[PDB]
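Written below as structure tokens is the structure these notes are about.
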Number of protein chains: 2
Amino acid sequence: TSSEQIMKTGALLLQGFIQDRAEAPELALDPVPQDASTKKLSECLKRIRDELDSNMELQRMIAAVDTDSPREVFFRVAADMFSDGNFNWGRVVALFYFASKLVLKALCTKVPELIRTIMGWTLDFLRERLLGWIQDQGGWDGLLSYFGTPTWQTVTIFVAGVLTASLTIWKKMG
Amino acid sequence: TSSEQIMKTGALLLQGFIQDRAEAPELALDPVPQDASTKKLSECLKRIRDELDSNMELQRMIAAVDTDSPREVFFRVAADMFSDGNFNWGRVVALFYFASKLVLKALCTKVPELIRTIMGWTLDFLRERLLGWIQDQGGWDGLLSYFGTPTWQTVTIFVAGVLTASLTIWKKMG
């Protein structure tokens, strides 16, 4: 519940979204030693991550993102997504899911320098805008509770609900 | 008219019945971005929802439901309500109205974990038993047609007619 701890687990999770699906090996980021706690979180998020991968309306919007000049697209999404001073785990999770495919959309266009670059922005944005609220949720473990074991496909609708809804605004305001 | 679309609008409407009247903010479900189409549906259902709120014979039966062990009461109602392989919008609407107050009857007994849980069951039941028929009605927009603008208080009688009639059977078969 020290920033450190939250930052730490944060990168770990973030990296989870990424390396699970897909590039100079010398600059690679050595996998972060998971333990029990962060095991169930990641075990969970990969379950979300595929229901989301399977949401087309989201996939469409995702497809509409600047595949290789995404500095601005990320920070404007992240801004709007919490533009209301509230926070739920849905929102956090989505931001993470979004960042993930930002990468996969760049790895495909083969610009691996940015793995780091994006992982940078997020965890930055984590610290600047969320470290507080998470700290005040007893840390990440709350996020498990956000996902009880039958209600997968339901929350996921609402969680894509917001992410789509925000990409969409970006899509029109330029 | 893809399941997605129908599922989507489905949650949106469902959530409409609920959050319009009334609880850990961290697990909250972020409101689903409405558009024009689903605007009139929800604009409509809230008009039904109050004529129903105002039907006492229904309110009585509603009062007789297990306030906090409702897994079975819901699925047995939903079963009987379409136990005849026919479908009208009245029936659908009522199922939705019922689920709504199931929640409000639980929020009052302060068990907010179940918001999700019930929203789960319904949209499940939506998919398994209704996605077909709605798909074959050109989707939800048909439901508007079920409610022409003078004949409010009439259909509502028949719509409560069925819902009461089904709770009633549950009330006796145990």
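Shown for chain B, in order and in Swiss-Prot numbering: 14-35, 41-192.
Header entry for method reads X-ray crystallography, 3.3 Å.
Cβ from N, Cα, C; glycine included.
Marked as motif 'BH1' by Swiss-Prot: B:98-118.
The ubiquitin cross-link annotation in Swiss-Prot covers B:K128 (among others) and rests on experimental evidence. The Cβ of B:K128 (ubiquitin cross-link) lies under 8 Å from the Cβ of no residue that is in the same chain and 6 or more residues away along the sequence. Following the DSSP three-state reduction, the secondary structure of B:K128 (ubiquitin cross-link) is coil.
What Swiss-Prot lists as motif 'BH2' is B:150-165. The list of residues near the motif 'BH2' (B:150-165) in space but at least 6 beyond its ends in sequence, with Cβ under 8 angstroms from a Cβ of it, reads 14, 16, 18-19, 22-23, 26, 55-56, 58-59, 62, 65-66, 105-108, 110-111, 173.
Annotated transmembrane segment per Swiss-Prot: B:172-192, in sequence order.
Its Cβ placed at the centre, B:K190 (ubiquitin cross-link) has 6 other Cβ atoms within 10 Å. Annotation source Swiss-Prot lists ubiquitin cross-link at B:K190 (among others).
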Task: Spatial neighbours of the motif 'BH1' (B:98-118) far in sequence, C-beta under 8 Å, 6+ residues away - done: 26-27, 30-31, 63, 66-67, 70, 80, 92, 136-137, 139-140, 143, 147-148, 151-152, 155, 160-161, 164-165, 173, 176-178, 180-181, 184, 187-188
TODO: Measure the gap for me: Cα of B:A35 to Cα of B:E41, whole Å, across the 5 residues nobody built.
DONE: 9
Task: Tally of DSSP helical, extended and coil residues in the motif 'BH1' (B:98-118) - done: 14 helix, 0 strand, 7 coil
